[PDB]
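Protein chains in written order, with the authors' numbering: chain L, 5 to 66, 73 to 86, 92 to 128; chain K, 9 to 140; chain j, 1 to 37; chain 0, 300 to 351, 355 to 434, 446 to 539, 543 to 565; chain Q, 1 to 135.
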RNA sequence: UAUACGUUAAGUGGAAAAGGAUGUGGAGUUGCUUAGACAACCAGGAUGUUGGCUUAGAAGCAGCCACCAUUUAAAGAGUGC
RNA sequence: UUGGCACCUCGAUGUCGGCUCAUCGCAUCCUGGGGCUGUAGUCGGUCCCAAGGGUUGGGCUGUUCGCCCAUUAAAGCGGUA
């Protein structure tokens, strides 16, 4: 209970600390491809984590894209992300944000460019 | 398909012959190809993957030896514990832990040397080894 | 069938039900199929 | 009677063993079948098969069974023959241990005194072949004005070897099949005593008055206290020697 | 097959299993025990069956502490015999049991294992039982 | 063919046990639960590793021992086929 | 069934086996209909529903029972003093 409270707290913390973040689906891919992504972002020093939609929303307001499966990628990145996406092509790259400015799909693609 | 095969020994038939007789490819030419690549410590049980496309386009990949193999070469022993945590019978050195870590860093998931070491330490627990 | 008064499930997939006031057991494994009588 | 009986017993076992020895054939067959478990129909009688020297063997089958079933049956028969052979070999080991025990026993009884025969009787009653306290050793003179103790009884010999000396002391016995056990208290005297102990060893041995008997001298620290008096030895040297007279006293 | 070594009288009246037990109504040697809900006589063959059953289920498990002993003997005349002509000869040995009485205990072992073992034993016993634990 | 309140539905009533059961009724305790539970559906369910011993072979699953670490949101050195 | 108890019957309840005559139960031997199978098929095992009908002739023995020969779809178990 308070555990979930702490969780949403640190999520909002790392959120407000970052100034680039991306919001994607994790569905239709094996743990091997997942950990491939994880390793290439480990060497990229780009954080990547997995949370629930409800607590995620609570952290944001502490929007429409927040439903469904949702993992997140902090860069305090989009390059490696879109490269992985072009590779595998079973994903959603649904949203992003930068300096708190909500970034469109095309905009995160442009940062990937 | 995985195969645990010593390097210089290729075509010791009875394990490996069946491993590809279902595939129906040339067992022995493939075996001597495997030796040709694995001109290595004969007895080093290489994990070799093989992938055959339906038209008999076979391609195979040698890989790092197992943790148990490297640790038994380190301790110079034949077998792990028959009852680890009731009878530890083997031991090797933290330097060797570093060595095997740095060896098999390319294959593992753990980007961390120390986390790979923890993985090998769990292996050592499983096979009855202590560390020094 | 396995008619018997000591009717139970055997595996986890065995599913007890009641039918016509009688007790019965269902499973894909027909050897797990039971009934009281 | 008992020793002769045990010898004939193992003769029975050996000549019986020569008629059930089909283990390796079945092992190799199971190996080959598991190697060739993809060319094989269920219903077949035979299998022209190559050994992994590239002979070509024709293994029979059960035309009703699968090759898996057949190969597993070969492994089963290998397992069974292996088991029975292990049993017979254990019985062999038992009988041979007993025979050697009684052979040493008869050596002792040949080179015996009544004082040790009284102990041997109780030893055998303890072994339950029969039915119905510190004096252990006997000694005489030796080289270097020394005393060399011995015991014609297995039990007294063991008592002396264990409780009457240390580990670094030297035990002198036969370097051969069967003989007594004897030594001086902390036997570390000169080569004179080393060669004198060999005479006492060759006197009370499986072949008394045998002029080619080698004696084994070894540190008591390597005296193996593993039937009774099945004492192995290491840290040993050996010297060819011969029997002697009562001057050995 | 338990036995009293020595006894005053090889032949006793049978008795009456009225009321509840005096003592042994609660586990105190062990943790998880079983008690009765009826009254009956119990035999050395029954108790050893139950004992070996639970010990086979447990295979190393802790400690048991049976809480009884078949002190009582019971007679039985030979077969196809008229009445009278003395009391029958002894046959075996018996423990008498009231309800509320603990029979078997367990320690050193988890609750689920204990409950299953005691279930198995109850099915070897004639009477109705309950699973119990220490307070 | 009463009154009121409830129960049972088996013809129980109007024959009987061990034992078995999502039968129903009443009390009671307790875990989880709209910061979203149970079920269902979608997806994942991995790496050292085929944990090691034993075994001809035992590769999560004949059996003995252990049952750790990594990616980790999580995946058991493994629940059943 | 072997039995236990002595309740009717000692001013009489005739007792084994066999013949004739059948009759009832079903815990079914066959026939019928099914489930499961370590049920390939043919044959089977086991269990369930079913008592409609049928359920052999001889040798030995007083015999019942039983063994044997040859058949049969099968050669049922019992109650009725």
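By construction, the Cβ of each residue, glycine as well, lies at the ideal position given by its N, Cα and C atoms.
Check: Among 127 (chain L), 110 (chain L) and 114 (chain L), nearest to residue 120 (chain L) - alpha-carbon criterion; Outcome: 110 (chain L)
Check: Residues near residue 2 (chain Q) in its chain [Cβ-Cβ closer than 8 Å; skip 5 each side]; Outcome: 44, 47, 48, 69, 70 and 93
Check: Below-8 Å beta-carbon distance, residue 18 (chain K) vs any chain 0 residue; Outcome: no
Check: Residue 466 (chain 0) burial status per 10 Å Cβ neighbour count (16 or more: buried); Outcome: buried
Check: Any chain K beta carbon closer than 8 Å to residue 337 (chain 0); Outcome: yes
Check: Nearest-angstrom Cβ-Cβ length linking residue 120 (chain Q) and residue 74 (chain Q), presumed shorter than 8 Å; Outcome: Their Cβ separation, rounded to whole angstroms, is 26 Å, which puts residue 120 (chain Q) and residue 74 (chain Q) out of contact at 8 Å.
Check: Within chain K, partners of residue 351 (chain 0) - CB distance below 7 Å; Outcome: 20, 21 and 22
Check: Beta-carbon gap between residue 363 (chain 0) and residue 345 (chain 0) smaller than 8 Å; Outcome: yes
Check: Residue environment, residue 39 (chain L), which counts as buried when at least 16 other CB atoms sit within 10 Å; Outcome: exposed
Check: Beta-carbon spacing of residue 106 (chain L), residue 127 (chain L) below 8 Å; Outcome: no
Check: Ranges of the beta strand (DSSP E) found wholly within the region 90-132 of chain K, counting only runs of at least 3; Outcome: 98-100
Check: Proximal residues, the region 24-41 of chain K versus chain 0, C-beta separation under 8 Å; Outcome: 25, 26, 29 and 30
Check: Under 8 Å between C-beta atoms of residue 376 (chain 0) and residue 328 (chain 0); Outcome: yes
Check: Counted within 10 angstroms of its Cβ, other Cβ atoms place residue 30 (chain K) as buried (16 or more) or exposed; Outcome: exposed
Check: Contacting residues, own chain, Cβ-Cβ under 8 Å from residue 333 (chain 0) (five flanking each side not counted); Outcome: 373
Check: Cross-strand partners of residue 496 (chain 0) (DSSP beta bridge); Outcome: 462 (chain 0)
Check: Residue 86 (chain K) versus residue 392 (chain 0) - alpha carbon distance; Outcome: 27 Å
Check: CB contact check: residue 331 (chain 0) to chain K, cutoff 8 Å; Outcome: yes
Check: Below-8 Å beta-carbon distance, residue 334 (chain 0) vs any chain K residue; Outcome: yes
Check: Residue 53 (chain L) vs residue 119 (chain K) beta-carbon contact at 8 Å; Outcome: no
Check: Residue of 11 (chain K), 16 (chain K) and 33 (chain K) minimising C-alpha distance to residue 23 (chain K); Outcome: 11 (chain K)
Check: Endpoints, the alpha helix (DSSP H) within which residue 9 (chain L) is located; Outcome: 6-21
Check: Endpoints, the beta strand (DSSP E) within which residue 43 (chain Q) is located; Outcome: 40-43
Check: The region 81-101 of chain K touching the region 29-47 of chain K, judged by at least three CB pairs closer than 8 Å; Outcome: no
Check: Contiguous beta strand (DSSP E) assignments of at least 3 residues, all confined to the region 39-63 of chain L; Outcome: 51-54
Check: Reduced DSSP category for residue 33 (chain L) - H, G, I as helix; E, B as strand; rest coil; Outcome: coil
Check: Environment of residue 470 (chain 0) [buried if 16+ CB atoms lie within 10 Å]; Outcome: buried
Check: Residue range of the alpha helix (DSSP H) that includes residue 26 (chain K); Outcome: 21-29
Check: Simplified DSSP assignment, three categories, for residue 403 (chain 0); Outcome: helix
Check: Cβ contact check for the region 1-15 of chain j and the region 96-115 of chain K: 3 or more pairs under 8 Å; Outcome: no
Check: Beta carbon of residue 17 (chain j) nearer than 8 Å to that of residue 10 (chain j); Outcome: no
Check: Assigned secondary structure, residue 34 (chain j) (DSSP; H/G/I helix, E/B strand, else coil); Outcome: strand
Check: Strand pairing of residue 79 (chain Q), partner residues [DSSP]; Outcome: For residue 79 (chain Q), which the question treats as bridged, DSSP gives no partner whatsoever.
Check: Boundaries of the beta strand (DSSP E) in which residue 339 (chain 0) is found, first to last residue; Outcome: It is not in any beta strand (DSSP E) - residue 339 (chain 0) carries neither H nor E in the DSSP assignment.
Check: Secondary structure, alpha helix (DSSP H): runs of 4+ residues fully inside the region 27-52 of chain K; Outcome: 35-45
Check: C-alpha gap between residue 474 (chain 0) and residue 546 (chain 0), whole angstroms; Outcome: 13 Å
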